[PDB]
């Protein structure tokens, strides 16, 4: 596997996590670890790079709030633009799946 497909898959995952509601970097990593039965351990540095780009693109926004130990935490939200990006990304992967399915079928024929 090359960086690009892993990175593409991570991006798809992060958008689907943020779709569910506001979140923070360490909480996202925890949830993805749990949803992967412990196998996918995303690195916070990867999220920082991704979230920087998405914030610039207008796909996510952020705000500050409290956290439990008494400090301050940056929270992230999928914007309206970001919800459309999420839909297009999901649509695009489904179109790619269909192209390959059709390739395999036109072959058998």
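Positions refer to the first chain, counted from 1.
Chemist: Look over 71-79 and 35-43 in the entry and identify the one with the greater average Cα temperature factor.
Modeler: Averaged over C-alpha atoms, the B-factors run higher in 35-43.
Chemist: I need to verify one thing: averaged over C-alpha atoms only, is the B-factor higher for 84-92 or for 97-105?
Modeler: Stretch with the higher mean C-alpha B-factor: 97-105.
Chemist: Comparing against every modelled residue in the chain, figure out the third that the C-alpha B-factor of residue 10 lands in (lowest, middle or highest).
Modeler: According to the entry, residue 10 has a C-alpha B-factor in the chain's middle third.
Chemist: Among the modelled residues of this chain, does the Cα B factor of residue 23 put it in the lowest, middle or highest third?
Modeler: Residue 23: CA B-factor falls in the lowest third of its chain.
Chemist: What third of its chain, lowest, middle or highest, does the C-alpha temperature factor of residue 56 fall into?
Modeler: It belongs to the highest third of the chain when residues are ordered by C-alpha B-factor.
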